[PDB]
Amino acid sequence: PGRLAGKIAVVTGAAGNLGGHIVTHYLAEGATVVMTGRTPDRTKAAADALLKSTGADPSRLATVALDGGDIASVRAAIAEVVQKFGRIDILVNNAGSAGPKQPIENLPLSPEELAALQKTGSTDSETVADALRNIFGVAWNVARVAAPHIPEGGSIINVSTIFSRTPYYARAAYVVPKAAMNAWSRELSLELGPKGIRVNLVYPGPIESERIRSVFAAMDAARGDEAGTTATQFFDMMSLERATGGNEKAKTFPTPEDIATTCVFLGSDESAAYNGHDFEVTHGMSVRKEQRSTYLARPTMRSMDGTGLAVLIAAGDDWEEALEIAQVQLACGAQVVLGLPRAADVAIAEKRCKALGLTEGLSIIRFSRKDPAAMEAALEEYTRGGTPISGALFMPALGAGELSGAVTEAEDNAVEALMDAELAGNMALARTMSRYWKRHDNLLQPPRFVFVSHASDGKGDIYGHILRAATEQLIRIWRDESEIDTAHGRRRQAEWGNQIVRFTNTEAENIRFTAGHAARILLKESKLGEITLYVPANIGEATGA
(Lines of atoms letter the chains of each structure in order from A and count residues from 1; the text may use other names and numbers.)
(Lines give C-alpha, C1' and ligand atoms only; values in the text may rest on other atoms or scores of the structure.)
Protein backbone atom coordinates (compact mmCIF):
# COMPACT_ATOMS: atom_id res chain seq x y z
CA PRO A 1 0.00 0.00 0.00
CA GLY A 2 1.05 3.67 -0.30
CA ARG A 3 2.07 5.62 2.85
CA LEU A 4 -0.45 8.17 1.45
CA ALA A 5 -3.03 5.60 0.18
CA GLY A 6 -6.66 6.94 -0.05
CA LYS A 7 -5.78 10.62 0.76
CA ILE A 8 -6.72 13.80 -1.24
CA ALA A 9 -3.60 16.09 -1.36
CA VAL A 10 -3.53 19.79 -2.47
CA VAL A 11 -0.14 21.29 -3.56
CA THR A 12 0.06 25.09 -4.20
CA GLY A 13 2.78 25.95 -6.79
CA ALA A 14 2.87 22.40 -8.19
CA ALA A 15 4.32 23.58 -11.56
CA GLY A 16 7.57 24.79 -9.83
CA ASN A 17 10.64 22.54 -9.06
CA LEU A 18 9.90 21.35 -5.44
CA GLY A 19 6.19 21.27 -6.48
CA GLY A 20 6.74 18.52 -9.08
CA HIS A 21 9.03 16.39 -6.82
CA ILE A 22 6.32 16.52 -4.05
CA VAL A 23 3.57 15.57 -6.64
CA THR A 24 5.91 12.80 -8.07
CA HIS A 25 6.62 11.29 -4.57
CA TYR A 26 2.86 11.63 -3.62
CA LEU A 27 1.45 9.90 -6.79
CA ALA A 28 4.12 7.16 -6.25
CA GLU A 29 2.85 6.79 -2.60
CA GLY A 30 -0.90 6.47 -3.48
CA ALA A 31 -2.31 10.02 -2.95
CA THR A 32 -4.87 11.79 -5.14
CA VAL A 33 -3.11 15.17 -5.75
CA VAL A 34 -4.70 18.46 -6.88
CA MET A 35 -2.01 20.78 -8.41
CA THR A 36 -2.62 24.52 -7.81
CA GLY A 37 -1.21 27.13 -10.22
CA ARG A 38 -2.07 30.75 -11.07
CA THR A 39 -2.19 29.83 -14.80
CA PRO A 40 -4.45 26.96 -16.08
CA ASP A 41 -2.16 26.46 -19.16
CA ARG A 42 1.29 26.27 -17.37
CA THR A 43 -0.32 24.15 -14.56
CA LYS A 44 -2.09 21.72 -17.05
CA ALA A 45 1.21 21.39 -19.04
CA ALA A 46 3.11 20.68 -15.73
CA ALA A 47 0.30 18.15 -14.89
CA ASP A 48 0.46 16.26 -18.28
CA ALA A 49 4.34 16.13 -18.31
CA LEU A 50 4.04 14.59 -14.77
CA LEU A 51 1.46 12.02 -16.16
CA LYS A 52 4.08 11.16 -18.89
CA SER A 53 7.06 10.92 -16.42
CA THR A 54 5.16 8.94 -13.69
CA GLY A 55 2.74 6.16 -14.84
CA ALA A 56 -0.26 7.35 -12.74
CA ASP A 57 -3.98 7.36 -13.81
CA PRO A 58 -5.31 10.68 -15.29
CA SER A 59 -8.00 10.37 -12.51
CA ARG A 60 -5.45 10.43 -9.60
CA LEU A 61 -4.02 13.84 -10.76
CA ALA A 62 -6.12 17.06 -10.96
CA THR A 63 -5.28 20.81 -11.36
CA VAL A 64 -7.15 24.11 -10.62
CA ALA A 65 -6.68 27.91 -10.96
CA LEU A 66 -6.00 29.59 -7.57
CA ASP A 67 -4.25 32.92 -6.72
CA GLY A 68 -3.73 33.86 -3.01
CA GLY A 69 -4.47 37.59 -2.59
CA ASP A 70 -7.63 36.87 -4.71
CA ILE A 71 -9.85 35.10 -2.06
CA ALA A 72 -12.69 35.07 -4.72
CA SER A 73 -10.43 32.63 -6.72
CA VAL A 74 -9.31 30.58 -3.60
CA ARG A 75 -12.98 29.85 -2.61
CA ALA A 76 -13.98 29.07 -6.27
CA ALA A 77 -10.89 26.72 -6.45
CA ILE A 78 -11.28 24.81 -3.11
CA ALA A 79 -15.03 24.49 -3.95
CA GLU A 80 -14.09 22.79 -7.31
CA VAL A 81 -11.75 20.49 -5.17
CA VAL A 82 -14.58 19.64 -2.67
CA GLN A 83 -17.29 19.00 -5.38
CA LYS A 84 -14.69 16.86 -7.27
CA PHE A 85 -13.08 14.85 -4.34
CA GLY A 86 -15.13 15.74 -1.20
CA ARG A 87 -12.31 16.66 1.27
CA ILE A 88 -8.67 17.84 1.82
CA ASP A 89 -6.63 15.30 3.92
CA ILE A 90 -3.19 16.91 3.09
CA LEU A 91 -2.53 20.64 2.41
CA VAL A 92 1.01 21.57 1.24
CA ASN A 93 1.41 25.40 1.17
CA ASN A 94 4.40 25.34 -1.21
CA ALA A 95 3.18 28.42 -3.24
CA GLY A 96 5.65 31.37 -3.20
CA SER A 97 7.42 33.91 -5.47
CA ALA A 98 11.05 35.18 -5.56
CA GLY A 99 10.09 38.78 -4.61
CA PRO A 100 11.75 41.99 -5.88
CA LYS A 101 15.50 41.17 -5.60
CA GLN A 102 16.47 44.74 -4.56
CA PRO A 103 18.14 46.11 -1.38
CA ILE A 104 16.00 47.85 1.32
CA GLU A 105 16.82 51.35 -0.10
CA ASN A 106 15.47 50.49 -3.61
CA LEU A 107 12.34 48.27 -3.00
CA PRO A 108 9.55 49.11 -5.51
CA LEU A 109 6.37 49.99 -3.46
CA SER A 110 4.16 51.64 -6.20
CA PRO A 111 3.42 49.96 -9.62
CA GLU A 112 5.11 52.95 -11.42
CA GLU A 113 8.24 52.42 -9.18
CA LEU A 114 8.25 48.76 -10.45
CA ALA A 115 7.68 49.82 -14.14
CA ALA A 116 10.73 52.15 -13.54
CA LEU A 117 12.81 49.07 -12.38
CA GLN A 118 11.80 47.17 -15.60
CA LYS A 119 13.31 50.13 -17.62
CA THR A 120 16.80 49.23 -16.09
CA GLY A 121 16.60 45.69 -17.66
CA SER A 122 15.77 44.17 -14.20
CA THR A 123 13.83 40.80 -13.95
CA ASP A 124 11.72 41.98 -10.89
CA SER A 125 7.98 41.56 -11.81
CA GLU A 126 6.56 42.26 -8.25
CA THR A 127 5.81 45.15 -5.80
CA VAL A 128 6.56 44.51 -2.02
CA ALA A 129 2.75 44.01 -1.48
CA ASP A 130 2.62 41.72 -4.60
CA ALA A 131 5.43 39.63 -2.96
CA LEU A 132 3.46 39.66 0.35
CA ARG A 133 0.19 38.50 -1.31
CA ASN A 134 2.25 35.98 -3.35
CA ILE A 135 4.38 34.48 -0.47
CA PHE A 136 2.43 35.22 2.78
CA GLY A 137 -1.16 35.72 1.44
CA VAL A 138 -1.49 32.36 -0.47
CA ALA A 139 -0.63 30.30 2.69
CA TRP A 140 -2.94 32.34 5.03
CA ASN A 141 -5.85 32.27 2.48
CA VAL A 142 -5.55 28.70 1.07
CA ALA A 143 -5.26 27.39 4.72
CA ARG A 144 -8.39 29.20 6.01
CA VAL A 145 -10.58 28.38 2.89
CA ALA A 146 -9.44 24.70 3.21
CA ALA A 147 -9.54 24.11 7.08
CA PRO A 148 -13.34 23.39 7.32
CA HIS A 149 -13.03 20.67 4.57
CA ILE A 150 -9.88 19.17 6.31
CA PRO A 151 -11.09 16.17 8.37
CA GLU A 152 -9.83 15.20 11.86
CA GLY A 153 -6.22 13.87 11.77
CA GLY A 154 -5.44 15.71 8.44
CA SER A 155 -2.11 17.59 7.86
CA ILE A 156 -1.16 21.14 6.76
CA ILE A 157 2.51 21.53 5.58
CA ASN A 158 3.67 25.18 5.26
CA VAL A 159 6.90 25.40 3.14
CA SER A 160 9.04 28.30 4.55
CA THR A 161 12.77 28.81 3.63
CA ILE A 162 15.89 28.65 5.88
CA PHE A 163 16.62 32.15 4.46
CA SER A 164 13.82 33.51 6.70
CA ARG A 165 16.15 33.04 9.74
CA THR A 166 19.43 33.95 7.93
CA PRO A 167 20.81 37.12 6.22
CA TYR A 168 19.89 37.25 2.49
CA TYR A 169 21.31 40.52 1.03
CA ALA A 170 18.99 42.23 -1.55
CA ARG A 171 16.07 39.91 -0.62
CA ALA A 172 14.10 41.84 2.03
CA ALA A 173 10.95 41.25 -0.06
CA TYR A 174 11.30 37.43 -0.14
CA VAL A 175 12.25 36.65 3.53
CA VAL A 176 10.02 38.94 5.67
CA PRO A 177 6.78 37.51 4.08
CA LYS A 178 8.24 34.00 4.86
CA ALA A 179 9.30 35.14 8.41
CA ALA A 180 5.64 36.23 8.91
CA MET A 181 4.25 32.90 7.56
CA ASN A 182 6.63 31.24 10.13
CA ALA A 183 4.76 32.73 13.18
CA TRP A 184 1.38 32.35 11.32
CA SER A 185 2.01 28.58 10.77
CA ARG A 186 2.59 28.27 14.58
CA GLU A 187 -0.62 30.31 15.29
CA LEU A 188 -2.60 28.17 12.74
CA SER A 189 -1.31 25.08 14.67
CA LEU A 190 -2.86 26.54 17.93
CA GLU A 191 -6.29 27.14 16.24
CA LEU A 192 -6.44 23.91 14.10
CA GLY A 193 -4.61 21.70 16.71
CA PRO A 194 -7.64 21.16 19.05
CA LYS A 195 -9.78 20.46 15.87
CA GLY A 196 -7.39 17.48 15.28
CA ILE A 197 -5.63 19.06 12.20
CA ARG A 198 -1.75 19.07 12.38
CA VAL A 199 0.16 22.19 11.27
CA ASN A 200 3.91 21.74 10.54
CA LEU A 201 6.59 23.97 8.98
CA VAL A 202 9.24 22.81 6.43
CA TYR A 203 12.39 25.06 6.18
CA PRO A 204 14.05 23.84 2.93
CA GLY A 205 17.70 25.05 2.96
CA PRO A 206 19.24 26.30 -0.32
CA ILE A 207 17.97 23.69 -2.88
CA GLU A 208 20.55 21.80 -5.06
CA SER A 209 20.04 22.51 -8.84
CA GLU A 210 22.31 23.42 -11.83
CA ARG A 211 21.54 27.19 -11.49
CA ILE A 212 22.10 27.76 -7.71
CA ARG A 213 25.94 28.06 -7.48
CA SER A 214 25.64 30.69 -10.35
CA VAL A 215 22.59 32.48 -8.84
CA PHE A 216 24.79 32.92 -5.69
CA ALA A 217 27.91 33.92 -7.70
CA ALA A 218 25.52 36.49 -9.34
CA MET A 219 24.35 37.85 -5.91
CA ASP A 220 28.12 37.96 -5.00
CA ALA A 221 28.67 40.33 -8.01
CA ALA A 222 25.68 42.40 -6.69
CA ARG A 223 27.46 43.49 -3.45
CA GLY A 224 30.99 43.73 -4.96
CA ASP A 225 32.10 40.49 -3.18
CA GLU A 226 34.63 37.85 -4.48
CA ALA A 227 32.36 35.28 -6.28
CA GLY A 228 31.50 32.35 -3.89
CA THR A 229 30.96 34.39 -0.63
CA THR A 230 27.16 33.62 -0.56
CA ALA A 231 27.67 29.82 -0.95
CA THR A 232 30.61 29.76 1.62
CA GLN A 233 28.46 31.69 4.22
CA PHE A 234 25.78 28.92 4.19
CA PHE A 235 28.31 26.02 3.88
CA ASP A 236 30.02 27.45 7.04
CA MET A 237 26.60 27.42 8.90
CA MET A 238 26.11 23.74 7.79
CA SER A 239 27.43 21.12 10.36
CA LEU A 240 26.75 18.06 8.05
CA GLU A 241 28.81 16.97 4.97
CA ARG A 242 27.29 14.64 2.32
CA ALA A 243 27.85 12.85 -1.02
CA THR A 244 24.90 13.72 -3.35
CA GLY A 245 24.62 13.25 -7.18
CA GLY A 246 27.48 10.66 -7.06
CA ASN A 247 29.93 13.46 -6.16
CA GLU A 248 32.06 12.91 -3.01
CA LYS A 249 31.29 13.93 0.61
CA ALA A 250 31.52 17.77 0.79
CA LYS A 251 29.60 20.82 1.95
CA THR A 252 26.67 20.67 -0.55
CA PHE A 253 22.99 21.76 -0.70
CA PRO A 254 20.05 19.48 0.16
CA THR A 255 18.03 18.01 -2.78
CA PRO A 256 14.44 18.46 -4.06
CA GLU A 257 14.04 14.71 -3.22
CA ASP A 258 14.92 15.34 0.51
CA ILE A 259 12.10 17.99 0.65
CA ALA A 260 9.62 15.64 -1.16
CA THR A 261 10.39 12.63 1.19
CA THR A 262 9.63 15.00 4.17
CA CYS A 263 6.23 16.16 2.68
CA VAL A 264 5.49 12.39 2.18
CA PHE A 265 6.42 11.80 5.92
CA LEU A 266 4.49 14.91 7.17
CA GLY A 267 1.40 14.18 4.97
CA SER A 268 1.37 10.48 6.01
CA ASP A 269 -0.19 9.34 9.33
CA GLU A 270 3.39 8.39 10.45
CA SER A 271 3.65 12.09 11.59
CA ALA A 272 0.19 12.28 13.32
CA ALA A 273 2.00 12.91 16.70
CA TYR A 274 3.68 16.20 15.49
CA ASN A 275 2.04 19.70 15.71
CA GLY A 276 3.49 23.23 15.36
CA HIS A 277 6.81 21.39 14.63
CA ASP A 278 9.75 22.77 12.52
CA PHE A 279 11.58 20.53 9.93
CA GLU A 280 14.96 22.02 8.87
CA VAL A 281 16.16 20.24 5.65
CA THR A 282 19.40 22.29 5.75
CA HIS A 283 22.31 19.90 6.46
CA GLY A 284 22.18 21.05 10.11
CA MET A 285 22.70 24.74 9.27
CA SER A 286 23.29 26.47 12.63
CA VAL A 287 20.71 29.31 13.13
CA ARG A 288 18.59 30.33 16.20
CA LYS A 289 14.72 30.36 16.45
CA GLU A 290 14.63 33.93 17.96
CA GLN A 291 17.87 36.06 18.25
CA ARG A 292 16.43 37.64 21.47
CA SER A 293 17.02 38.59 25.17
CA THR A 294 14.77 40.00 28.02
CA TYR A 295 15.73 43.33 29.73
CA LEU A 296 17.13 42.67 33.28
CA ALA A 297 17.63 46.33 34.41
CA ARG A 298 15.71 49.66 34.58
CA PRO A 299 16.76 51.96 31.67
CA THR A 300 19.02 54.43 33.66
CA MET A 301 19.43 57.47 31.35
CA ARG A 302 20.81 61.08 31.81
CA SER A 303 19.52 64.58 30.65
CA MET A 304 22.52 65.32 28.28
CA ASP A 305 22.34 61.89 26.49
CA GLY A 306 20.82 63.50 23.33
CA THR A 307 22.52 66.93 22.95
CA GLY A 308 22.91 67.46 19.15
CA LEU A 309 20.62 64.53 18.13
CA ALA A 310 17.03 64.50 16.66
CA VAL A 311 14.72 61.36 16.79
CA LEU A 312 11.84 60.67 14.38
CA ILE A 313 8.83 58.80 15.90
CA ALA A 314 6.56 57.25 13.20
CA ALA A 315 3.33 57.02 15.31
CA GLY A 316 0.01 55.19 14.55
CA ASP A 317 -3.70 55.83 15.44
CA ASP A 318 -2.93 56.13 19.21
CA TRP A 319 -0.85 59.38 18.85
CA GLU A 320 -1.31 59.88 22.65
CA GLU A 321 0.93 56.80 23.23
CA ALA A 322 3.68 57.97 20.78
CA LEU A 323 3.86 61.35 22.59
CA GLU A 324 4.60 59.60 25.97
CA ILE A 325 7.70 57.97 24.31
CA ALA A 326 8.47 61.37 22.63
CA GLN A 327 8.41 62.91 26.17
CA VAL A 328 11.20 60.71 27.67
CA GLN A 329 13.34 61.33 24.46
CA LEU A 330 13.06 65.12 25.04
CA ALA A 331 13.82 64.45 28.76
CA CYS A 332 17.20 62.98 27.57
CA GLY A 333 17.95 66.38 25.82
CA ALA A 334 17.33 65.32 22.15
CA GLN A 335 15.02 66.94 19.55
CA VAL A 336 11.90 64.92 18.46
CA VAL A 337 9.73 64.74 15.29
CA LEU A 338 6.38 63.12 16.26
CA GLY A 339 5.17 62.04 12.73
CA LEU A 340 1.36 61.28 12.83
CA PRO A 341 -0.58 59.65 9.90
CA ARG A 342 -3.82 61.76 10.03
CA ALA A 343 -3.36 65.61 9.95
CA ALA A 344 -6.55 65.78 12.17
CA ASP A 345 -4.32 64.38 15.00
CA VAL A 346 -1.63 67.11 14.29
CA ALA A 347 -4.14 69.81 15.41
CA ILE A 348 -5.43 67.93 18.55
CA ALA A 349 -1.87 67.03 19.75
CA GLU A 350 -0.02 70.32 18.88
CA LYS A 351 -2.62 72.13 21.11
CA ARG A 352 -2.74 69.39 23.85
CA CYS A 353 1.13 69.76 23.67
CA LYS A 354 0.78 73.50 24.54
CA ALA A 355 -1.58 72.49 27.44
CA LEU A 356 1.26 70.33 29.02
CA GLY A 357 3.95 72.83 27.82
CA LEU A 358 6.42 70.67 25.78
CA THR A 359 7.20 73.40 23.17
CA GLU A 360 11.02 73.08 23.46
CA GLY A 361 12.67 70.65 20.97
CA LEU A 362 9.46 68.92 19.81
CA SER A 363 7.98 69.52 16.32
CA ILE A 364 4.78 67.66 15.27
CA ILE A 365 4.29 66.97 11.50
CA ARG A 366 2.05 64.77 9.28
CA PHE A 367 3.96 61.51 8.48
CA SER A 368 2.01 58.79 6.58
CA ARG A 369 3.79 55.43 5.89
CA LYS A 370 0.92 54.76 3.36
CA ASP A 371 2.44 57.53 1.07
CA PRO A 372 6.30 57.56 1.26
CA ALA A 373 7.01 60.28 -1.43
CA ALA A 374 5.83 62.83 1.23
CA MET A 375 7.57 60.89 4.08
CA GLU A 376 10.82 61.72 2.17
CA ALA A 377 9.91 65.44 1.55
CA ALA A 378 8.83 65.74 5.27
CA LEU A 379 12.32 64.62 6.49
CA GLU A 380 14.08 66.85 3.89
CA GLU A 381 11.89 69.78 5.20
CA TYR A 382 12.52 68.99 8.96
CA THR A 383 16.35 68.77 8.51
CA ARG A 384 16.36 72.27 6.80
CA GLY A 385 16.25 73.50 10.45
CA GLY A 386 19.83 72.20 10.26
CA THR A 387 19.63 69.26 12.74
CA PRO A 388 19.58 65.86 10.94
CA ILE A 389 17.53 62.85 12.22
CA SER A 390 20.13 60.53 13.93
CA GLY A 391 17.65 57.85 15.24
CA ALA A 392 14.18 56.60 14.09
CA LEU A 393 11.64 54.86 16.47
CA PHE A 394 8.80 53.13 14.52
CA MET A 395 5.41 52.36 16.14
CA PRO A 396 2.78 49.95 14.72
CA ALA A 397 0.40 51.36 12.02
CA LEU A 398 -3.02 50.22 13.27
CA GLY A 399 -4.49 50.89 16.76
CA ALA A 400 -4.11 48.01 19.32
CA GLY A 401 -7.09 45.58 18.97
CA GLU A 402 -7.71 46.89 15.39
CA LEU A 403 -6.38 43.52 14.09
CA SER A 404 -8.15 40.67 15.99
CA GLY A 405 -9.62 37.16 15.33
CA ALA A 406 -8.59 33.53 14.59
CA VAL A 407 -6.33 33.30 11.51
CA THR A 408 -8.91 31.22 9.52
CA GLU A 409 -11.94 33.03 11.08
CA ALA A 410 -10.48 36.58 10.60
CA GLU A 411 -12.18 38.64 7.80
CA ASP A 412 -10.96 39.39 4.22
CA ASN A 413 -9.89 42.78 5.74
CA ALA A 414 -7.93 41.06 8.61
CA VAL A 415 -5.13 39.65 6.35
CA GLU A 416 -5.09 42.37 3.64
CA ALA A 417 -5.25 45.06 6.30
CA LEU A 418 -2.51 43.29 8.32
CA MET A 419 -0.35 42.66 5.20
CA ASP A 420 -0.59 46.23 3.79
CA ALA A 421 -0.37 48.49 6.88
CA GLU A 422 1.92 46.28 9.00
CA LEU A 423 4.30 44.76 6.43
CA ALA A 424 4.44 47.50 3.87
CA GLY A 425 4.66 50.21 6.51
CA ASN A 426 7.70 48.58 8.11
CA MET A 427 9.41 48.17 4.71
CA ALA A 428 8.54 51.77 3.64
CA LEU A 429 9.95 53.13 6.92
CA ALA A 430 13.13 51.04 6.43
CA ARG A 431 13.56 52.14 2.76
CA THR A 432 12.74 55.79 3.70
CA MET A 433 15.27 55.94 6.62
CA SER A 434 17.90 53.98 4.53
CA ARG A 435 17.53 56.55 1.65
CA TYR A 436 17.79 59.42 4.24
CA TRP A 437 20.96 58.03 6.00
CA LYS A 438 22.45 57.59 2.48
CA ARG A 439 22.10 61.42 1.89
CA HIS A 440 22.98 62.72 5.42
CA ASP A 441 25.77 60.24 6.08
CA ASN A 442 28.03 62.29 8.49
CA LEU A 443 25.80 62.17 11.67
CA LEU A 444 27.49 62.75 15.13
CA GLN A 445 26.75 59.04 16.09
CA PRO A 446 26.04 56.25 13.53
CA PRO A 447 22.29 56.13 12.77
CA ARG A 448 20.02 53.84 14.92
CA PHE A 449 16.44 52.54 14.32
CA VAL A 450 14.10 50.90 16.92
CA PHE A 451 10.84 49.16 15.88
CA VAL A 452 8.19 48.75 18.74
CA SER A 453 5.36 46.12 19.17
CA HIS A 454 1.88 46.89 20.67
CA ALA A 455 1.28 46.17 24.37
CA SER A 456 -0.70 42.91 25.01
CA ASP A 457 -4.12 43.06 23.24
CA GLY A 458 -4.96 40.25 25.78
CA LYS A 459 -6.56 37.96 23.14
CA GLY A 460 -3.18 36.07 23.00
CA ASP A 461 -1.29 38.63 20.79
CA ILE A 462 -1.80 36.53 17.59
CA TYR A 463 -0.93 39.54 15.34
CA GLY A 464 1.74 40.74 17.91
CA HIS A 465 3.67 37.45 17.32
CA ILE A 466 3.39 37.48 13.43
CA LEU A 467 4.72 41.12 13.26
CA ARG A 468 7.51 40.48 15.82
CA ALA A 469 8.68 37.63 13.50
CA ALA A 470 8.58 39.67 10.23
CA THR A 471 10.18 42.74 11.90
CA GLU A 472 12.95 40.55 13.49
CA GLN A 473 13.97 39.44 9.92
CA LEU A 474 13.56 42.94 8.31
CA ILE A 475 16.09 44.11 11.02
CA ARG A 476 18.54 41.22 10.15
CA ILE A 477 18.40 42.12 6.37
CA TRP A 478 18.83 45.90 7.16
CA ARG A 479 21.70 45.26 9.72
CA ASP A 480 23.49 43.08 7.06
CA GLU A 481 22.80 45.14 3.85
CA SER A 482 24.12 48.32 5.64
CA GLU A 483 27.17 46.50 7.14
CA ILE A 484 28.16 45.09 3.64
CA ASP A 485 27.53 48.50 1.88
CA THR A 486 29.58 50.33 4.62
CA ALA A 487 32.59 47.93 4.29
CA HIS A 488 32.52 48.40 0.40
CA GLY A 489 32.72 52.26 0.68
CA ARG A 490 29.09 52.90 -0.56
CA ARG A 491 28.11 54.37 2.92
CA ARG A 492 30.27 56.10 5.58
CA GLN A 493 27.93 55.13 8.48
CA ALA A 494 26.48 51.65 9.25
CA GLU A 495 22.76 51.75 10.22
CA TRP A 496 22.06 49.51 13.34
CA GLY A 497 18.89 48.84 15.40
CA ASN A 498 16.69 46.55 17.54
CA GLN A 499 12.99 45.64 18.21
CA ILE A 500 11.40 46.03 21.71
CA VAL A 501 8.46 43.67 22.52
CA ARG A 502 5.99 45.27 24.99
CA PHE A 503 3.35 42.46 24.90
CA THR A 504 5.24 40.21 27.45
CA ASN A 505 4.33 42.84 30.12
CA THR A 506 0.80 44.08 31.08
CA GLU A 507 2.05 46.39 33.90
CA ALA A 508 0.91 50.06 33.95
CA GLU A 509 4.57 51.32 34.09
CA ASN A 510 5.58 49.46 30.85
CA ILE A 511 5.42 52.37 28.33
CA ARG A 512 7.88 54.66 30.24
CA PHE A 513 10.09 51.52 30.56
CA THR A 514 9.75 50.62 26.79
CA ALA A 515 10.29 54.36 25.94
CA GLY A 516 13.11 54.56 28.55
CA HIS A 517 15.08 51.72 26.82
CA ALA A 518 14.09 53.12 23.34
CA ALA A 519 16.19 56.23 24.31
CA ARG A 520 19.21 54.12 25.46
CA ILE A 521 19.30 52.39 22.00
CA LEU A 522 18.95 55.72 20.07
CA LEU A 523 20.89 58.34 22.11
CA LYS A 524 23.71 56.40 23.99
CA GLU A 525 26.73 55.14 21.89
CA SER A 526 25.69 51.42 21.89
CA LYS A 527 25.39 48.24 19.76
CA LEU A 528 22.80 45.62 20.95
CA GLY A 529 23.78 42.24 19.35
CA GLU A 530 20.42 40.44 19.86
CA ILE A 531 17.70 41.88 17.52
CA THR A 532 14.38 41.55 19.48
CA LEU A 533 14.52 42.60 23.21
CA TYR A 534 11.53 41.67 25.46
CA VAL A 535 10.10 43.64 28.44
CA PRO A 536 10.05 41.28 31.49
CA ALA A 537 6.60 40.12 32.77
CA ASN A 538 7.10 41.90 36.19
CA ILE A 539 9.59 44.86 36.01
CA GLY A 540 9.86 45.62 39.78
CA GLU A 541 11.02 41.99 40.32
CA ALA A 542 13.11 41.54 37.09
CA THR A 543 15.30 44.64 37.96
CA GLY A 544 16.56 46.29 41.18
CA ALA A 545 13.67 48.77 41.77
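Residue numbers run from 1 along the displayed sequence.
- Comparing 390-398 with 75-83, the higher mean C-alpha B-factor in the PDB entry belongs to 75-83.
- The PDB entry reports B-factors from which the mean C-alpha value can be compared for 278-286 and 298-306; the larger average falls on 298-306.
- In this structure the maximum Cα B-factor among 237, 325, 336, 109 is found at 325.
- Per the deposited record, 57 carries the highest C-alpha B-factor of all listed residues (495, 57, 29, 480).
- Annotation for residue 520: C-alpha temperature factor in the highest third relative to the rest of the modelled chain, per the entry.
- The PDB entry assigns residue 424 a C-alpha temperature factor belonging to the lowest third of its chain's modelled residues.
- In the PDB entry, a CA B factor belonging to the highest third of its chain's modelled residues is recorded for residue 528.
- In the deposited entry, the Cα temperature factor of residue 216 sits in the bottom third of values across the chain's modelled residues.
- In the deposited entry, the Cα temperature factor of residue 486 places it in the lowest third of its chain's modelled residues.
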